[PDB]
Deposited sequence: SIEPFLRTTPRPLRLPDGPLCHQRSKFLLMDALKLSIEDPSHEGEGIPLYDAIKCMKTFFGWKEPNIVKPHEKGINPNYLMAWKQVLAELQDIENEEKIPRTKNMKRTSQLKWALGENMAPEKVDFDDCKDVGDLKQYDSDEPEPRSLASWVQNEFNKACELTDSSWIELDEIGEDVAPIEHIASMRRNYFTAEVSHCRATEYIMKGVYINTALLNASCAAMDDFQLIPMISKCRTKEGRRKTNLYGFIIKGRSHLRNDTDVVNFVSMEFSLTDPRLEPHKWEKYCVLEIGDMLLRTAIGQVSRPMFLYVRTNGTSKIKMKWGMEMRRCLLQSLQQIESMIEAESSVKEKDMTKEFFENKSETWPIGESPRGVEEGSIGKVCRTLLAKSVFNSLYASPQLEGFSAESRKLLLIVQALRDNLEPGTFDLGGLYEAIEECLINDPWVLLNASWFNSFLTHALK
């Protein structure tokens, strides 16, 4: 071997300095708030706008809306007028005997500003470097956590595979990341179908999900509304602009950097339980202009793929330790809950976790790869894998070739600009690296 002082120790990835990064998801994640109704037995899927109105009637604290956090780069009265127009159009729907399957809105000056002007019938890019904000890790943690509700539905009614899918499903059915899959499937289905069927119209689209309570009873959830803009989507890259209007209890003043793209309205008073007792807290509406494409909407409609792809990664882990002990450990892993995995960290060091925590962490990572999909992620993922293989080989005292390590770091650090998800993944790599070559 070469003298120890000549051996190359991989340095940390360098993250760029700059203003804290902002939320760029297509919908709210940890900050969402659901207005919900309990579905009739044998219901099925209702008329979305009928479910939307029923969900809104379960809230008793509606009040005159006001701007409480301006969008710095927006015309804030247009956001306030847009919300008042959604309420006026829902009232017009309520006043008709028959609730329609879709609703075309009046193309007012406020919506034209937010979405764009009429056009004749046919014959991410943000460049500045941003620093990693604490909210990204916090979002990821919330995605890994369990909800009171089940998000995966049973089907119509080989020992290993069946037992594995069932063990995995039991661990992730209540997982917040599973809520994000079903929320994403529903809204991308509604937006793509509307984009194809009503190319010129501004359609009012409820943001809906369904789940089952602890009591096995069916719930319909309303997160808010999207207004679709003009949608002549010829190629799969063509952008449809939309306005998102999303319920929340989050005070936007806590993390102003997170909410740079949004106008926040105060729309209601919510009665909340606290240790001391009952308190009135504001219900907010998070409003922004955003955009998506046929290909992104198709990916969103496919988000149940995250469940198969994360099950695959768990299967491989049970396969490796089933070889060594020459006895398939499936039952023992999910049953014993005695075997642990390094899955978390604190200032105190690495935190070991149950197989359940591993199932939910890998699902959350797959789902965040989909919600925050980007070219920078594809580059970071390919190049970072090459570095991880060198670190594993060094950790095992194998002396891998380091002569081109310089060119590998350049290719990875090229991907670290301003994407909140890629910057978190880079930070995660750094933490692993400090523990790997201790």
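- Of the deposited sequence, the ranges 124-139, 174-180 have no C-alpha coordinates according to the record.
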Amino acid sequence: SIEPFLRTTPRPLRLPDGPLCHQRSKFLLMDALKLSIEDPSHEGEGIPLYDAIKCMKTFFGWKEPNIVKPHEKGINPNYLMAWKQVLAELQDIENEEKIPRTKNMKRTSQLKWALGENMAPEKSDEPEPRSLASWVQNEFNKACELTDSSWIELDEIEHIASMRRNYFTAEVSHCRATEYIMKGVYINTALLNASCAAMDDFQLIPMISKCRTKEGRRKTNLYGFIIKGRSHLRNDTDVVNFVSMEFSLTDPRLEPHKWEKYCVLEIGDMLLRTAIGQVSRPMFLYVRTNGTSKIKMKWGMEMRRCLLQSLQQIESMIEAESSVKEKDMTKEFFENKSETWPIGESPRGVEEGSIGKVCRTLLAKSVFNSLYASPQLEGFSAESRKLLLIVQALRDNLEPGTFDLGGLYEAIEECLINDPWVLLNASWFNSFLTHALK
From here on, numbers count along this sequence of modelled residues.
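- The question of which stretch, 289-297 or 321-329, has the higher mean Cα B factor is settled in favour of 321-329.
- Taking only CA atoms, the mean B-factor in the PDB entry is higher for 337-345 than for the other of 337-345 and 130-138.
- When the C-alpha B-factors of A114, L192, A177, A161 are ranked from the entry, the top spot goes to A161.
- Residue set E89, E246, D251, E96: peak C-alpha B-factor at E96 (per PDB entry).
- When the modelled residues of the chain are ordered by C-alpha B-factor, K34 sits in the lowest third.
- In this PDB entry, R107 carries a Cα temperature factor that places it within the lowest third of its chain's modelled residues.
- Among the modelled residues of the chain, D201 sits in the middle third by CA temperature factor in this PDB entry.
- For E302, the recorded CA temperature factor ranks within the middle third of the chain's modelled residues.
- In the PDB entry, a CA B factor belonging to the middle third of its chain's modelled residues is recorded for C359.
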